[PDB]
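Enquirer: Kindly generate the corresponding structure for this input.
(chains A and B, ligands or ions: 1)
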Amino acid sequence: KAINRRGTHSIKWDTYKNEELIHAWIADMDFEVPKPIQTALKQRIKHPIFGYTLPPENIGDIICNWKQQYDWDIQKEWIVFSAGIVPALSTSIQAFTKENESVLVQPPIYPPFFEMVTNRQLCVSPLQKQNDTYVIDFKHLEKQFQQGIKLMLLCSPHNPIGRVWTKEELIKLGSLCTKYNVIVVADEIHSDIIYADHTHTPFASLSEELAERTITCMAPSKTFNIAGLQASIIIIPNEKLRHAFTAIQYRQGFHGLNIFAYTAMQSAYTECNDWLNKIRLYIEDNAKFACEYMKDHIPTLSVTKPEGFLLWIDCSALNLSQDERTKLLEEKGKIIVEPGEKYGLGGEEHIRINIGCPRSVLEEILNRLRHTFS
Amino acid sequence: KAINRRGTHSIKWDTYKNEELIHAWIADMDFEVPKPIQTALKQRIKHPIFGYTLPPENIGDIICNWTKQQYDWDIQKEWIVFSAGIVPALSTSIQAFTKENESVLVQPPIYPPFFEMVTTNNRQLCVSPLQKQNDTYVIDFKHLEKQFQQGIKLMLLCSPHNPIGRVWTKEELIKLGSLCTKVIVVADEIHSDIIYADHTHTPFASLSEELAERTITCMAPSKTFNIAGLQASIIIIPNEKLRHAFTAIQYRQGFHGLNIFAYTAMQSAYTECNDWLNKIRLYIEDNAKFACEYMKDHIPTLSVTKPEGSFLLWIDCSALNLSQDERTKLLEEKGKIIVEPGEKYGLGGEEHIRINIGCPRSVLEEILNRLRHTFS
Ligand SMILES: C=CC[S@](=O)C[C@H](N)C(=O)O
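Expert: Residues are numbered from 1 along each chain as shown, chains lettered A, B, ... in the order given. Here you go:
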């Protein structure tokens, strides 16, 4: 069921008012949230007082149990609260680097990684496009660490290309972080949408030593489409780094999350297991359906196959500018996507689309892509 | 009617496990939130998607309307900045408008986050302590002017003043702006809407175009309507150059606006709940009257200064000549009540306590029976 999202103050569906537009840019799904979550949220409103709230007594076990998803054994003492992964990227920047020290990213990558480093020096190690996918340039990556890299921002799974890194990839990158003592911030916000042939490998799960150097940021906000509820869990095994993170959160006046962030994250992590099994097969089939429609009906585009709900498509054979592509997609396509040039080196002449939609919606998303470039 | 708040993850009621305790320490009310907030929140959940949301289309008019209807403050839509709470906004203000180890001034006895945010951000804590006279507080303007001569860059002002409850007159704020004009001002007006019949909240940036371009004004419905767990706050900054450097700091720390229900509750709070706020003012003041007399009549060994707004009561316990732990233990052991210690508010908080009178009179009379009982 396509659900009307116009008139809901949703950034995706309400920022543009021309009702002819199809929106597939912002990375939230157009699906009903799991009912267990909604039942807890309407249950909580039955108490008409919204004063200051504590984190629940049980919240530590629930998250430690959610080993159920990745067989990582954590302790309750590691969990830190954040209103979103973006503040935790900034706090991890300001905690573990000095001003004018460098921070490394692997484009094409989520732009906030670029903007938050507004605070530090840009170092890049763009990934290499191989075999209809992306791979890390480990020789070049270590060529950057030989210059003094202090922090690395890892995306796993990697937006926008959709890479779910293997254990061997992380180890050999882990082998370089140990060897050069690079601190790692692991933005694993998509850790819960993984396809049938892949398995998410938490970076700190690999080792006792990589655990003491990695800050792992997770949330149900993207997985369960509750990104307006602002729940995030940051796991820091190293006690000495955890306190410097929490100092950078305390002197900014952050004192924990709001009533609905606590309530939703508790239900999402306890009672929503079967809905997440469903959404994985619907999303994976939406990626499969889309990758063939580009074979049959748009042979001038190259789509990088994801392994974990965003689709990364090469539009380089078209020889179009971003201004040429954007205007065309809006005028005849009547569809709003993300321009890829803002993803950095390797995002040029690409677009990113949201496949977290009903297949009915996905067909018009592709029908208008064909019309645009036919 | 007292409403059960035990087992709700309330900091007030669930931090202590002794079920015999009566709690009046933290500054949230035990009152039903206005029903139109409950209706706005239940209306939103009928839409089962909580993705990323924009601030509402009308919220700028409502905010502009609210500040003119309550304070006759004509503001423009470009001045409104959103914050998840005033403690982040105080911290944001310290970071935008000072450099490290520069001086920021506060007036104790005052909200402790004014102490903690200044020092944790490696700025110099400067004070200009308030002076107790005739069971109210007045500013030591001679002392205040002395500290400004040392190069003070910032001042964090509380209006009205937690914990004492002072609602500054226009003459005082006129006199205080005159010294700031001879200092950047952060105005923590989170209590701006609970004011008693004989008093009027005087916005500092309302006084003049001269004080507007040097003042950052923090306001919220969180304390007024008891929705402080939803984290809605409104920052007004008329000076363009000051607004952008504040929003710059928010951006570098990943803030992109508030949560779905903070907008949803705040939008209703400023539109359809006006009569509920008339109710709560008259209930609070008579609760402040009832309390101030019971300690007049039946606890004559305590002197409480009369508040002119909000719902906190500032009470001196020095005639008892007890240390804080001497005093605290008696309240938790013998009183079976948790109140706010004063010593953590700074100079002039020694041997005082702060109690919450935002409760039904039923609770309020038992709160006082035990406070007498505690020290009899
Ligand atoms: C002991 C709690 C610290 S305090 O009660 C926090 C609240 N905003 C207030 O103004 O009181």
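
Enquirer: Other residues contacting stretch A:220-227?
Expert: A:27-29, A:31, A:33-34, A:37, A:84-85, A:189-193, A:229-232, A:264-265, A:268-269, A:272, A:276, A:356, B:49-52 (CB atoms under 8 Å, 6 or more residues apart in numbering or on different chains). (C-beta placed from N, C-alpha, C; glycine too.)

Enquirer: In strands, which of the residues you listed fall?
Expert: The members of the contacts of stretch A:220-227 that map onto strands under DSSP state E are residue A:232.

Enquirer: Can you pick out the ones from the contacts of stretch A:220-227 that are in helices?
Expert: Under the assignment DSSP state H, those contribute A:37, A:85, A:264-265, A:268, A:276 to helices.

Enquirer: Please produce CSV containing those residues, extended by neighbour count.
Expert: Below are those laid out as CSV (neighbours: other CB atoms under 10 Å in any protein chain shown):
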residue, neighbour count
A:37, 28
A:85, 25
A:264, 29
A:265, 29
A:268, 28
A:276, 16
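
Enquirer: Cross-check the residues you listed against chain B and keep the overlap.
Expert: Among the ones in helices among the contacts of stretch A:220-227, proximity to chain B is found for residue A:264 (CB under 8 Å from any CB of the partner chain).

Enquirer: May I have the beta-bridge partners of the nearest residue to residue A:149 once chain neighbours are set aside?
Expert: Closest residue to residue A:149 apart from its sequence neighbours, by CB to CB, 6 or more residues apart in numbering or on different chains: residue A:104 at 5.1 Å. Beta-bridge pairing of residue A:104 under DSSP bridges involves residue A:123, residue A:152.

Enquirer: Residue A:104: what's it in contact with?
Expert: By CB under 8 Å, 6+ apart, the contact set of residue A:104 is A:123-125, A:144-145, A:149, A:151-153, A:182.

Enquirer: Most neighbours among those residues, which one is it?
Expert: Greatest neighbour count in those, by other CB atoms under 10 Å in any protein chain shown, goes to residue A:152: 26 neighbours.

Enquirer: Test my guess that that one contacts residue A:180.
Expert: No. Using CB atoms under 8 Å, residue A:152 is not in contact with residue A:180; the gap is 9.7 Å.

Enquirer: Which residues of the stretch 151-300 of chain A lie near chain B?
Expert: The stretch 151-300 of chain A comes close to chain B at residues A:225-230, A:247, A:250-255, A:258-262, A:264, as judged by CB under 8 Å from any CB.

Enquirer: Any quick PyMOL command for the buried ones out of these?
Expert: The buried residues among those can be selected in PyMOL (16 or more other CB atoms under 10 Å in any protein chain shown) with this line:
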select buried, chain A and resi 225+226+227+228+229+230+250+251+252+253+254+258+259+260+261+262+264
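
Enquirer: what number of residues lie near the nearest residue to residue A:298 once chain neighbours are set aside?
Expert: Distances taken as CB to CB, 6+ apart place residue A:370 nearest to residue A:298, at 5.6 Å, with adjacent residues excluded. Residue A:370 is flanked by 15 other residues according to other CB under 10 Å.

Enquirer: Then residue A:83?
Expert: 27.

Enquirer: and it, what does it touch?
Expert: Counted by CB under 8 Å, 6+ apart, residue A:83 has contacts A:230, A:232, A:254, A:257, A:261, B:84.

Enquirer: if you set the cut-off to 10 Å instead, what comes out?
Expert: Shown in contact with residue A:83 (CB atoms under 10 Å, 6 or more residues apart in numbering or on different chains): A:219, A:221, A:229-232, A:249, A:254, A:256-258, A:261, B:84, B:88, B:231, B:254-256, B:258-259.

Enquirer: Then residue A:206?
Expert: Contact partners of residue A:206, counting by CB under 10 Å, 6+ apart, are A:72, A:167, A:170-171, A:174-175, A:214.

Enquirer: Identify the farthest-apart pair in these.
Expert: Within those, two members stand farthest from each other by CB to CB: A:72 and A:175, at 19.4 Å.

Enquirer: Skipping its backbone neighbours, what lies nearest the residue in the stretch 201-350 of chain A that the ligand sits nearest to in space?
Expert: At 9.1 Å from the ligand, residue A:255 is the closest residue in the stretch 201-350 of chain A, using CB to the nearest ligand atom. Using CB to CB, 6+ apart and skipping residues adjacent in sequence, the residue nearest residue A:255 is residue B:87, 6.8 Å away.

Enquirer: Chain A - how does it break down into domains?
Expert: Per automatic domain parsing, the structural domains of chain A span A:11-30+A:273-373, A:51-268.

Enquirer: How far does the last one sit from its chain's centre?
Expert: Read it as domain A:51-268. With CA atoms, centre = their mean, to the nearest Å as the basis, domain A:51-268 stands 10 Å off its chain's centre.

Enquirer: Start and end of that domain, how far apart?
Expert: For domain A:51-268, the first-to-last residue distance is 23 Å (CA to CA, to the nearest Å).

Enquirer: Over to the first one?
Expert: With CA to CA as the measure, the first residue of domain A:11-30+A:273-373 is 27 Å from its last.

Enquirer: burial measure for residue A:88, as a count.
Expert: Neighbours of residue A:88 (other CB under 10 Å): 30.

Enquirer: now do the one 3 residues further on
Expert: Applying other CB under 10 Å, we find 28 residues neighbouring residue A:91.

Enquirer: Correct me if wrong: it contacts residue A:241.
Expert: No. Using CB atoms under 10 Å, residue A:91 is not in contact with residue A:241; the gap is 11.2 Å.

Enquirer: who touches both of the two?
Expert: With CB under 10 Å, 6+ apart as the test, residue A:91 and residue A:241 both reach residue A:215.

Enquirer: how many neighbours does the residue of the stretch 1-150 of chain A found nearest the ligand have?
Expert: Nearest residue of the stretch 1-150 of chain A to the ligand: residue A:52, at 7.3 Å (CB to the nearest ligand atom). A count of nearby residues for residue A:52, using other CB under 10 Å, gives 17.

Enquirer: if we can go back for a sec, just the buried residues from the contacts of residue A:206, in PyMOL please.
Expert: In PyMOL, this line selects whichever of the contacts of residue A:206 come out buried by 16+ other CB under 10 Å:
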select buried, chain A and resi 72+170+171+174+214
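
Enquirer: Identify, from the contacts of residue A:206, the entry nearest to chain B.
Expert: For those, the residue nearest chain B by CB to the nearest CB is residue A:214; the value is 19.4 Å.

Enquirer: these two touch, right, that closest one and residue A:241?
Expert: Yes. Between residue A:214 and residue A:241 there is a contact under CB under 10 Å: 9.2 Å.

Enquirer: anything in contact with each of these two?
Expert: With CB under 10 Å, 6+ apart, residue A:214 and residue A:241 have common neighbours residue A:183.
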